[PDB]
Amino acid sequence: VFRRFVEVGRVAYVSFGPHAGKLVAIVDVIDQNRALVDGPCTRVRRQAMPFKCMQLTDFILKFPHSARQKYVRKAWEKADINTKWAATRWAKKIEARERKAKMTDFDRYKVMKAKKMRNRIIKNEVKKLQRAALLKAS
Amino acid sequence: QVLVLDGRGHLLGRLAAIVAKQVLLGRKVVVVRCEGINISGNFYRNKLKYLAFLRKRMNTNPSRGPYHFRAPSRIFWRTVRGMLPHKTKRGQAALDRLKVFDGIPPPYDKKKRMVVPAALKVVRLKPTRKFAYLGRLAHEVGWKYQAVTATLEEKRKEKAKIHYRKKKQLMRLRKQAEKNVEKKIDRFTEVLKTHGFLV
Amino acid sequence: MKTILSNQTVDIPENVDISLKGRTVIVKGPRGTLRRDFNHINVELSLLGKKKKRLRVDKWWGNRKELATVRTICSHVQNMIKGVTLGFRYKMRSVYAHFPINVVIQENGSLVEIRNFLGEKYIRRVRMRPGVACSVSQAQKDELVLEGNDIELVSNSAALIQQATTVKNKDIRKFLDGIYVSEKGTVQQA
Amino acid sequence: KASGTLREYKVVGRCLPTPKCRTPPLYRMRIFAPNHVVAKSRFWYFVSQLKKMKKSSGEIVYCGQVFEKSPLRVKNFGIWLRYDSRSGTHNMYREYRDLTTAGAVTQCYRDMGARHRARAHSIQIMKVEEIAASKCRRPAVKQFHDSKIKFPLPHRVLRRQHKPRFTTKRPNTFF
RNA sequence: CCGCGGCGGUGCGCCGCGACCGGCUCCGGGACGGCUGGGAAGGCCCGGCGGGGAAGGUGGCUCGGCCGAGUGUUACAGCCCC
RNA sequence: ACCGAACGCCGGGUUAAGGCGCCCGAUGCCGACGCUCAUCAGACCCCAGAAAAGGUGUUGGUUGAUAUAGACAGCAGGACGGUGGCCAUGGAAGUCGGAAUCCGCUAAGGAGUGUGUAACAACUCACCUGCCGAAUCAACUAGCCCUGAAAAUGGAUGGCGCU
RNA sequence: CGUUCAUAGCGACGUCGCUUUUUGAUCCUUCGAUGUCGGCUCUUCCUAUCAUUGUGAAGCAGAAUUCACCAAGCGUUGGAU
RNA sequence: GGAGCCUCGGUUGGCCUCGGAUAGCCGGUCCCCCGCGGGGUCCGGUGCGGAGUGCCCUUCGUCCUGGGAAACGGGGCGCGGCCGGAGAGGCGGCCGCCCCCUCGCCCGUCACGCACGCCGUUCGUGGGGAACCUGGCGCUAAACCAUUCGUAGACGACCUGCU
Ligand SMILES: [Mg+2]
Ligand SMILES: [Mg+2]
Ligand SMILES: [Mg+2]
Ligand SMILES: [Mg+2]
Ligand SMILES: [Mg+2]
Ligand SMILES: [Mg+2]
């Protein structure tokens, strides 16, 4: 029933730690709870990193299990994980959470007025749909 | 201003410590559905633990001595009372703040209830271990009303299924209304996603 | 230590239709349906091949006590496929020294009355498990036949009437009496 | 002897020059220790066991930390052990899989304390040797020898339980 | 008496602020020395040399749509590593 | 009586010994690595409880073997002849027991492991083949847990509890 | 020892433990006093179980009797001295 | 509709699926079954959850006039009807009818003791208890002592009888 596997070439998202919020290519598997990790275009150095602080995605790319940073950089740039990650919905809601955190007070006031007017218009439309469904069921 | 905690799947002492601390911090907590509390360690271990607790009783006057409450809500009240400083006035005020229920009453069945993942079985126990339900433990110690509570919970699960069907109908009306209105709220929807909403 | 993977495959024949809702497998075919809920067993159950030719069971990162469960899931799947296709037939003979043990079924095979065990007057009524049919066979003197699909139910129903006819407060090495299981096979051979 | 994260120190030493011998031989060891003070102390311990040399009747010529010549390459390490039980002293051979020699020896100290209650004052490290893909005798190490290794994270139980503690959603674990 | 013009103790009570000092507890930066005059790493790769897991191959089988996936077999380098 | 530390009255800071789920101040670290299932789990000098022995319960280590000359358990043919050999007479053609203790067929039976006899007879174990085809066997040893382990009022890791 | 058979039941030569239901050992509390033995009455508790309930093993053919487990719920008498 | 005493907590609310953890949420249901709904098969979208408690809902200065986008919405503890809710209900939805208003988002237009820097601002609240007062409708006692009884009893207490 599993879909995401720890494979040589698995791209993962670091949850916490020093390189938090960055992408990871798994190069080799060291132990049950420790992996060998490269970050060629995501400003992460080659090091070991446990499986607790990484969230594996559904991206795979092809390079042998002991690549000396160059072939995995070329595989990263060939598969183009940067633009596909920017087009990925989960990174879009991550940067939506980042915009919510960077929301200024004047920006929050504009958002609140837009919430108010949008909810009034959609609530009037929901009431029109309710009376139309009542007339249809009548 | 009142927490409504669900006792389903939550561990006994793991939930009781958090409830004791949050009630000593001046907050009204209502822990509900306490026969769904599961205790780590299997059923014969937990049953012999509570039977040893039943054997501990005052020799001269057992009516004066330890009161052995059989209901799961009062077992949870006892395991919070053993964590609260109940010999003091602030501990008695905490016991007055805490309200514990078997099943879930009509004052609290139509309320959104909370889940503590720091005291939950799937988070805290390994999946290969064993556990025991406090409802089954109480019924085989002598609590009388597992079946009446089961029928009342079946009735309110039917009522909550009807309510969730109505909520799904309101939600499909909300989605089709957003589909109708997304041409005239084009600059109302965009100013939420440039600041971090709906994406 | 934690073994990284233990896998096992079950190749189902073309007379069997199996499917699974999570860890809840259901096996239907000629003789009927049999369900088994492998929740709280904590394995992976994949079902692959065109028209689901094999059932694959995985255990990931399990030590010895959970590596010992892959083959028992495989064995329950073999027994369930055997009960669906060929069924289970347990033959059990009434061994007695002097008193002939009188066995009679009541509804179809559900209630079984046992009489004249060691000359006792107390009749022994046994309810069988739901799905197990009891019968008195032909061309044999005192012998019961238990037919069914679930090996659990059929063998538990055999153990009930085997433990009902026990000798109390005597030397059972001398008093060799009772209804004892003699043969374990299928309904049809194919 | 206590432990932290361990470091490997090449320590050489000799005796003081005497009128009967002006040039004593130099003896080298590879002490696994947290810092150089306790590295020099364990050096005097093992040299006092082996040769006739005490700290006041000798001198350490140089104590320096040696670093891993390839820290980015995962390696197998076979470590020979001489520990002391509640009964008499026993000998062992362990295999681990880590990047550095000092990291493998750290994992060895934690594993000895976990399995056999062997403390850092009772554990005497004989020697550590790096091993290729062959010449391994432990199945827990040999199960990681695969060209295309493949395993999920099956029961990925969540953490961060207490940032906001009271929630509506029951937490998920299938990832 | 109009002057808070200068000095001194000050105010009926509740307070707030500024700057300076002593004792602390933290944060953000900047630049320096030693090392095995640091180890591996990042970039272009060059003319050779040996060994080993096993790959746009070969190839027994299995699963599907000439093509894709898994397993094993000798093993070069056009997958790699020292 | 133990560890730390010795004392005028206070404010700020920092610790020792101990701790940081709640009582109870502080791990509400997205702590690291393993071990442990207890139908009597375990929980910190003094100190308030446990032994010899045993366990394929489970985790490691030490030693010695065999597997394509085609293992281990699993269905299967056999324990003959010199030889009632030899002291034992009260009976040893393997047989209560003890000094003895090899050849032949050889594929193979040790002057024998048991069932059992006044003696027999008979059932039946080294080795290999027909079938499944790669990791297995044996003895020690160290961890945690279990048995050993039984007292009288109801009873105490301090309590709640904890996997 | 048990017709053969160490272990059904026993078990020498040795050795490891529990109890304060016996006597010892000490003098820690009490000598400006804690009424000192038995029997009668009465209640509760322990199991190291004699019998009863449920079982396993016998040198258990049946009857009778020994060994062992869960187990203190209910019983354990009338008398001569 | 009115001050006036005492006791305090507060400082938007969330009006609800069950369920699994080696899975789960949402659709039409072209296909099928059962009593408009539920359930099963196939297919499609996300899944460190955006049909998100890391969440959602209400704005928290006022009024004047004069435009644009949207809207027939709101109110008079609005009057009568239809109901649902019993585990510890004590609230909510839907219709007929009289009148009034331009409230939500942007803009032009000024004015609100602008109390001259200084702290318990705001409110759930017409907060809970007691004493005076504005009216309409509805009402008329019970217990105990004294007597008696004996189904009871130390005294109390208990069972009884008496316009
Ligand atoms: Mg008998
Ligand atoms: Mg000291
Ligand atoms: Mg006196
Ligand atoms: Mg007295
Ligand atoms: Mg006993
Ligand atoms: Mg007498």
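If you check the PDB entry, chain D appears there as eL20 from Oryctolagus cuniculus. According to the PDB record, the title of this entry is "Structure of XBP1u-paused ribosome nascent chain complex (rotated state)".

In the annotation of the PDB entry, chain A is listed under the name Ribosomal protein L14 and assigned to Oryctolagus cuniculus.

**Focus: helix 4 (residues 105-137) of chain A**
When the terminal C-alpha atoms of helix 4 of chain A are compared, their 46 Å separation across 33 residues agrees well with the 48 Å that a helix rising 1.5 Å per residue should span. Buried within helix 4 of chain A are the following residues: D107, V111, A114, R118, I121, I122, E125, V126 and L129 of chain A. Elements in contact with the buried residues of helix 4 of chain A: helix 7 (146-181) and helix 8 (186-193) of chain B.

**Section: a nonpolar patch on the surface**
Taken together, the side chains of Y44, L48 and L51 of chain B define a hydrophobic patch exposed on the protein surface, amounting to about 300 Å² of accessible area. You can see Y44 of chain B is positioned in helix 2 (residues 43-55).

**Points about the protein's contact with RNA strand F**
Around RNA strand F, a shell composed of 51 residues is seen, among which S15 and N33 of chain A, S40 of chain B, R64 of chain C together with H162 of chain D lie nearest. A share of 69% is what sugar and phosphate atoms reach among the atoms of RNA strand F within 4 Å of the protein. In the environment of RNA strand F, a base nitrogen lies 3.2 Å from a nitrogen or oxygen atom belonging to the backbone of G82 of chain B. At 2.7 Å from a sugar or linking oxygen of RNA strand F is found a side-chain nitrogen or oxygen belonging to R115 of chain D. Secondary structure elements with two or more residues in the surface near RNA strand F: helix 1 (12-24), strand 3 (38-40) and helix 2 of chain B together with strand 5 (89-98) and helix 2 (101-115) of chain D. Split into classes, the residues belonging to the surface near RNA strand F amount to 18 nonpolar, 14 polar and 19 charged.

**Details of the pairing of strand 4 (residues 33-37) of chain C**
All names here are of chain C. Bridge count for strand 3 (residues 24-28) against strand 4 is 5 bridges, and the pairing is antiparallel. If you follow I26 over to strand 4, its bridge partner there is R35. Where strand 3 hands over to strand 4, the hairpin turn is made up of 4 residues, of which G32 adopts a positive phi near 145°.

**Description of the packing of aromatic side chains**
Two numbers describe a pair of aromatic rings. These are the distance of the centres and the angle of the planes. Evaluated as defined, the whole model comprises 15 aromatic pairs over all chains. Judged by centre distance (5.3 Å) and plane angle (90°), the ring pair of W61 of chain C and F151 of chain D falls under edge-to-face. Of the two residues, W61 of chain C sits in the loop between strand 6 (54-59) and helix 1 (64-67) while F151 of chain D sits in the segment after helix 3 (139-142), which places them in two different chains. There is no split in this pair, since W61 of chain C and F151 of chain D are both buried. Of the aromatic side chains, those joined through ring pairs into one cluster are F51 of chain A, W61 of chain C together with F144 and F151 of chain D. Its guanidinium or amino end placed over the ring of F43 of chain B, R136 of chain B lies 4.9 Å from that ring's centre, counting from NZ or CZ. In this structure, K150 of chain D is placed above the aromatic ring of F5 of chain A, and the distance from its NZ or CZ to the ring centre is 3.8 Å.

**Re the interface of chain B and chain A**
Every contact between the two is made by 21 residues of chain B and, on the other side, 21 residues of chain A. When the two sides are added together, the surface that chain B and chain A hide from each other amounts to roughly 2,000 Å², 71% of it contributed by carbon and sulfur. Of all residues in chain B, the largest losses of buried area upon contact with chain A belong to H195, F197 and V199 of chain B, amounting jointly to 32% of the total for that side. For the interface between chain B and chain A, the tally reads 1 salt bridge. Taking the shortest distance from any N to any O, the salt bridge between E178 of chain B and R118 of chain A comes out at 3.9 Å. Run the count over chain B and chain A and you get 5 residue pairs in polar contact. The set of elements that each furnish at least two residues to the side of chain B that touches chain A consists of helix 7 and helix 8 of chain B. Considering only residue class, the side of chain B that touches chain A consists of 11 nonpolar, 6 polar and 4 charged.

**A word on the interface of chain D and chain A**
Chain D puts 18 residues into the contact, and the matching count from chain A is 22 residues. Here chain D and chain A share an interface that buries about 2,000 Å² over both sides, 62% of which is from carbon and sulfur atoms. The three residues of chain D that bury the most area against chain A are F151, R156 and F174 of chain D, which together make up 24% of that side's buried surface. Viewed at the interface, chain A and chain D are joined by 2 salt bridges. Across the pair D28 of chain A and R97 of chain D runs a salt bridge whose closest N-O atoms are separated by 3.7 Å.

Rules behind the numbers
- Residues numbered from 1 in each chain as written, not as in the entry; some residues may be left out.
- Chains lettered and ligands numbered in written order.
- Part of a larger assembly, values for the part shown.
- Heavy atoms only, no water.
- Helix = DSSP H or I, 4+ residues; strand = E, 2+ residues; numbered from the N terminus.
- Expected span 1.5 Å × (residues − 1).
- Buried < 20%, exposed > 50% of the residue type's maximum accessible area, 1.4 Å probe, protein only.
- Contact = heavy atoms within 4.5 Å.
- Patch = residues over 30% accessible without salt bridge, like charges linked within 9 Å, V, L, I, M, F, W, Y side chains within 5 Å.
- Areas by Shrake-Rupley, 256 points an atom, 1.4 Å probe, with all protein chains shown as cover.
- Salt bridge = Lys/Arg side-chain N within 4 Å of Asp/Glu carboxyl O.
- Near = heavy atom within 4 Å.
- Polar contact = N/O pair within 3.5 Å; in protein donor to acceptor, adjacent residues only side chain to side chain.
- Nonpolar A, V, L, I, M, F, W, Y, C, P; charged D, E, K, R; others polar.
- Pairing = 2+ DSSP bridges.
- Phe/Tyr/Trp six-rings, centres within 6.5 Å; stacked < 30°, edge-to-face > 60°.
- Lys NZ or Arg CZ within 6 Å of the ring centre and 35° of its normal.
- Buried area = accessible area lost by both parts, 1.4 Å probe.

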